[PDB]
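Structure first, then comments.
Any value given below was found using the heavy atoms of this structure, including those in side chains, with hydrogens, waters and symmetry copies removed. Whatever order the structure lists them in is the order used to number ligands and atoms, beginning at 1. Here is how names work: the chains are called A, B, and so on, in the same order as the sequence lines, proteins then strands, and each is numbered from 1.
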Amino acid sequence: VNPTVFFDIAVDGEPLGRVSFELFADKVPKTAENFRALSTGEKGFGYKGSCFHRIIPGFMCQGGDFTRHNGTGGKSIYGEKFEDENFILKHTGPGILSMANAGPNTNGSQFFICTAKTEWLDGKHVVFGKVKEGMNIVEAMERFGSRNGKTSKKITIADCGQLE
Amino acid sequence: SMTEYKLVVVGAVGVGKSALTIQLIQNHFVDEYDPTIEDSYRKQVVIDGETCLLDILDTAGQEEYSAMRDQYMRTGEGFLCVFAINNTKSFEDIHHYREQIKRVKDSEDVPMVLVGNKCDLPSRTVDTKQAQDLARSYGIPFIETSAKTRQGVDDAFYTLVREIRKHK
Ligand SMILES: CCn1c(-c2cc(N3CCN(C)CC3)cnc2[C@H](C)OC)c2c3cc(ccc31)-c1csc(n1)C[C@H](NC(=O)[C@H]1C[C@@H]1C)C(=O)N1CCC[C@H](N1)C(=O)OCC(C)(C)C2
Ligand SMILES: Nc1nc2c(ncn2[C@@H]2O[C@H](COP(=O)(O)OP(=O)(O)NP(=O)(O)O)[C@@H](O)[C@H]2O)c(=O)[nH]1
Ligand SMILES: [Mg+2]
């Protein structure tokens, strides 16, 4: 049974709402496990408190740098980086959850949520989940973004964990 | 008002386009890698006694979006063509950037400067003579730089302004 995790999103510290994700442990178990563990914080570190540093309307919301909080950092539960598990799943449309990277086999903790189909990322970023509930929260996050991704308010993961 | 110069910084991923620009604008060195989407900066300087306003477009080196460079090449007045002296592929990528700029602007005469960056590192794979000969065949200046030590940073951007002045 694929796990489900949640983010409680805040905007300059004020609550916005909850987004939940199904993680495709049945297709990308190692990548889903990394995101699951970072969402519970069970290794002593993870997504809680971190921000969405890059939001580009029409494309995606990107976050997950909990080590440097500036979009350059992040780390996996396996080490600083880990390999591309597979590219079976595609960036088919809004709600797709996929790993950010700086080239082949550089997955850490940064991730992005698609707000449109981004098919040219297929075979370069590992898709491993999708928004289950709260896509309207992701839609609402877009207006705090901009052409180059700079955000006009601080969009943070106020709380996060695994749902039963 | 002072004359404005539209400078555009181009080159392969990781050669130091942003580190050079941020050194120019903010006088410090970014050690971490923050991959660029697109950033714009403004700075006034004095060059050869004349005060002017630099408008700098710091571009992404991502090969995936090479088709989308044509629009900022249309707008730009001069191009800082950056490679890293320890990255021979980035030196080879220079030809494709210059060819793309010439094609987009439909001119053999576009203000450009060749910049070999990271000259503080000991792992040099592109010889100074190699880059100097390439720049001579293009008819443009060649400047060696380090965003880390600041060597040549002002010189690279100011030389590009002088190239635009000679063209205009
Ligand atoms: C040409 C302008 N440009 C554009 C672009 C592209 C288009 N089209 C392309 C497709 N056709 C069909 C239509 C037109 C239109 N408009 C723009 C933008 C709005 O024009 C300003 C993009 C982009 C991406 C990078 C650099 C320049 C870029 C870049 C720079 S590092 C990168 N990608 C990958 C990025 N690594 C990291 O962060 C590393 C640090 C961490 C560890 C990464 O894992 N992710 C996740 C996936 C999304 C990606 N970030 C990102 O942000 O994509 C932005 C997007 C807008 C989706 C694409
Ligand atoms: N030693 C040294 N490192 C440098 C120098 N210039 C840049 N770097 C380093 O090289 C890495 C990439 O630099 P960056 O300026 O981001 O390169 P870029 O060309 O803008 N990359 P992109 O095309 O993704 O936007 C960073 O770790 C940066 O600190 C330099 O002169 N010397
Ligand atoms: Mg850059």
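Between A:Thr106 and ligand 1 there is no heavy-atom distance shorter than 4.0 Å. Ligand 2 lies less than 4.0 angstrom from a heavy atom belonging to B:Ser146. Residue contacts with ligand 1 do not include A:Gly149, since none of its heavy atoms lies under 4.0 Å from the ligand. Distances shorter than 4.0 angstrom occur between a heavy atom of A:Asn101 and an atom of ligand 1. At a 4.0 Å cut-off, not a single heavy atom of A:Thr118 sits close enough to ligand 1 to count as contact.
For the side chain to side chain contact (heavy atoms under 4.5 Å, CB included) with A:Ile113, the lone residue among A:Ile96, A:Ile137, A:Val138 that qualifies is A:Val138.
With hydrogens left out, the protein atom closest to atom 24 (C) of ligand 1 is B:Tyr65 CE1, 3.4 Å, a heavy atom. At the shortest separation from atom 26 (C) of ligand 1 among protein heavy atoms lies B:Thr36 O, 3.4 Å. Among protein heavy atoms, the minimum distance from atom 49 (C) of ligand 1 is reached at A:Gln62 OE1, 4.1 Å. With respect to atom 6 (C) of ligand 1, the closest heavy atom belonging to the protein is B:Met68 SD, 3.5 Å. Here the heavy atom of the protein found nearest to atom 20 (O) of ligand 1 is A:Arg147 NH2, 4.3 Å. Looking only at heavy atoms of the protein, atom 46 (C) of ligand 1 is closest to A:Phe112 CD2, 3.3 Å.
The ring of A:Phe111 has its center closer than 6.0 angstrom to the ring center of A:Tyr47. Under the 6.0 Å cut-off for aromatic ring centres, B:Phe157 and B:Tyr41 do not qualify, their centroids lying 6.0 Å or more apart.
For atom 10 (C) of ligand 1, the protein comes within 4.0 Å by at least one heavy atom. Within the 4.0 Å cut-off (strictly below), a protein heavy atom is located near atom 30 (C) of ligand 1.
Enclosure of atom NZ in A:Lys30 by more than 12 non-hydrogen atoms of other residues, nucleotides or ligands within 6.0 angstrom is indicated.
Under 4.0 angstrom from ligand 1, the non-hydrogen atoms of A:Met60 all belong to its side chain. Neither the backbone nor the side chain of B:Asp58 has a heavy atom within less than 4.0 Å of ligand 2. Contact annotation: for A:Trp120 versus ligand 1, heavy atoms closer than 4.0 Å belong to the side chain alone. The residue B:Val82 has no part lying near ligand 2, judged by heavy-atom distances below 4.0 Å. Heavy atoms of B:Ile37 found under 4.0 angstrom from ligand 1 belong to the backbone as well as the side chain. Residue-level proximity to ligand 1 for B:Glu64 is absent, since no heavy atom of it falls below 4.0 angstrom.
An N or O contact shorter than 3.5 Å is missing between B:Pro35 and ligand 2 by distance.
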- Task: Run the numbers on A:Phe128 and A:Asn34 for side-chain contact (heavy atoms from CB on, under 4.5 Å), then give the verdict.
- Result: CA-CA 10 Å; A:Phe128 66 93; A:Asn34 177 62; over 6 Å; no

- Item | Verdict with supporting geometry, A:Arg54 and A:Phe112, side-chain contact (heavy atoms from CB on, under 4.5 Å) | CA-CA 9 Å; A:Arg54 176 181 292 159; A:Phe112 61 108; over 6 Å; no

- Task: Check the pair A:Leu89, A:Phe24 against side-chain contact (heavy atoms from CB on, under 4.5 Å), reporting the backbone distance first and the verdict last.
- Result: CA-CA 9 Å; A:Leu89 296 174; A:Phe24 302 142; 3.4 Å; yes

- Verdict with supporting geometry, B:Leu80 and B:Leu7, side-chain contact (heavy atoms from CB on, under 4.5 Å): CA-CA 7 Å; B:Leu80 220 62; B:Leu7 316 184; over 6 Å; no

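Under the 4.0 Å criterion applied to side-chain N and carboxylate O atoms, B:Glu92 and B:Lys89 are not assigned as salt-bridge partners. Taking the charged nitrogens against the carboxylate oxygens, A:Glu85 and A:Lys27 have no contact shorter than 4.0 Å, which rules out a salt bridge. By the 4.0 Å N-to-carboxylate-O rule, A:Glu14 lies too far from A:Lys153 to be salt-bridged with it.
Across A:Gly71, A:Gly103, A:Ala102, heavy-atom proximity to atom 40 (C) of ligand 1 is greatest for A:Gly71. By heavy-atom distance, the residue among B:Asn117, B:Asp34, B:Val30 lying nearest atom 28 (C) of ligand 2 is B:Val30. When A:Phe59, B:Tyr33, B:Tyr72, A:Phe111 are ranked by how near their heavy atoms come to atom 57 (C) of ligand 1, first place goes to A:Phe59. Across B:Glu32, B:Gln151, B:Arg150, B:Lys118, heavy-atom proximity to atom 9 (C) of ligand 2 is greatest for B:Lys118.
Residue-ligand proximity, A:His125 to ligand 1, at heavy-atom distances under 4.0 Å covers atoms 43 (C), 44 (O). Against a heavy-atom cut-off of under 4.0 Å, B:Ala60 is close to the following atoms of ligand 1: 26 (C), 27 (C). For ligand 2, the atoms closer than 4.0 angstrom to any heavy atom of B:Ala19 are 6 (N), 7 (C), 15 (O). Under a 4.0 Å criterion applied to the non-hydrogen atoms of A:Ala100, ligand 1 contributes the atoms 43 (C), 44 (O).
Below 30°, between 30° and 60°, or above 60°: for A:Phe52 and A:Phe7 the angle between ring planes is above 60°, a perpendicular geometry.
Side-chain contact between A:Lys130 and A:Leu97 is absent, with no heavy atoms from C-beta onward closer than 4.5 Å.
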